[PDB]
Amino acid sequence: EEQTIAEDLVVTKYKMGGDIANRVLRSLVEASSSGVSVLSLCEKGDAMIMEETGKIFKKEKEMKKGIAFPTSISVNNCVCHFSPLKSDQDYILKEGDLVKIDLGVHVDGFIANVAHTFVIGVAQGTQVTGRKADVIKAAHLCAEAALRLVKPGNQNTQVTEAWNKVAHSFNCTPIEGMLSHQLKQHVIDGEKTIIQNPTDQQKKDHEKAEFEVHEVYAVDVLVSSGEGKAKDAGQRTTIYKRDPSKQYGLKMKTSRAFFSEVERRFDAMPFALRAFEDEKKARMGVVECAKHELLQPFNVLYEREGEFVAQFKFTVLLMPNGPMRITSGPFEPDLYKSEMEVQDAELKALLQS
């Protein structure tokens, strides 16, 4: 069968994961200051997840728990999936940097995803202004709109539409083609999805769905101050996910050993190459696996230099009495001052409940 949030136990597993994800996120935020290595924060994040996860359900020896999405910190125009290797060049945080932290925790396959955006070195008493406030303000209001639109009976389409209206108000554009996935036990890759600002082509190929009672979603809002077109850079993909629906006979011994460690350690959850002791081996075993589509990569995307990308990701449980989000970051609206606001009367109304 399948275990859903219709069962109380399933719900407590999501809530504990969400609680753990909310705490690790807060620790990383307050550990972010100018001069700090992004690589070190990613390691600390992953380590905390692993430790917090080890304090629950101890009597259950075979229960899988841990990282659902490796800690990634994407600064300024970097869109997502930035999770450095000891080898790659990392990023050193600076005053005024717009940083996005993305984490993923799971307990028994039940995933709790969260992403938060904030600015470095913001003196208290003072607000942040400019494009950094416009974009964060917009991403925030997009998250708020989803929270009110993603409910049993509605359809992904309505959410897609609301997002452009909010975003346009601050002259921001949600990154085109980004998807928000439904969640299931051990599946971070849900079938039903919500697409952001789709191109005419994608609009025609994306499947229109309807939210059902007892479903779970990881709503991912990615808004840009620029054109909203994410491009690949010279960056190395350091995050991969095993595709359980595909199989192939790897020829190389190193490929097989690497794939076995993956199936055993992370199963179908995204993981970071940093999780393997020998880097060279990992990198080497990835080539053939990724080549025969056994592994799905999560590339590091970028927006034009000078632009900023804000993000808000939260996991919401569609309970019969209403949606309940189990993850969020320490967000303070008053901190950001923008000259623009939502102008659509109807939308303006919806945002006040």
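For every residue, the number given is its place in the sequence shown, counted from 1.
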Between 134-142 and 270-278, which has the higher average C-alpha B-factor in the PDB entry? 270-278
Tell me which stretch has the larger mean Cα B-factor in this entry, 88-96 or 161-169. 88-96
Which of these, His116, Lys204, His181, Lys151, has its C-alpha atom at the highest B-factor, as the entry lists it? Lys204
Out of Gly249, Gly177, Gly109, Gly104, highest CA B-factor residue: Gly249
When the modelled residues of the chain are sorted by Cα temperature factor, does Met340 land in the lowest, middle or highest third? middle
Entry-reported C-alpha B-factor of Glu210 relative to its chain, by third, is middle
Should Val122 be placed in the lowest, middle or highest third of its chain by the C-alpha B factor in the entry? highest
Modelled-residue ranking by C-alpha temperature factor, third containing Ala257: highest
By the entry's values, the third containing the CA B factor of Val287 is the highest
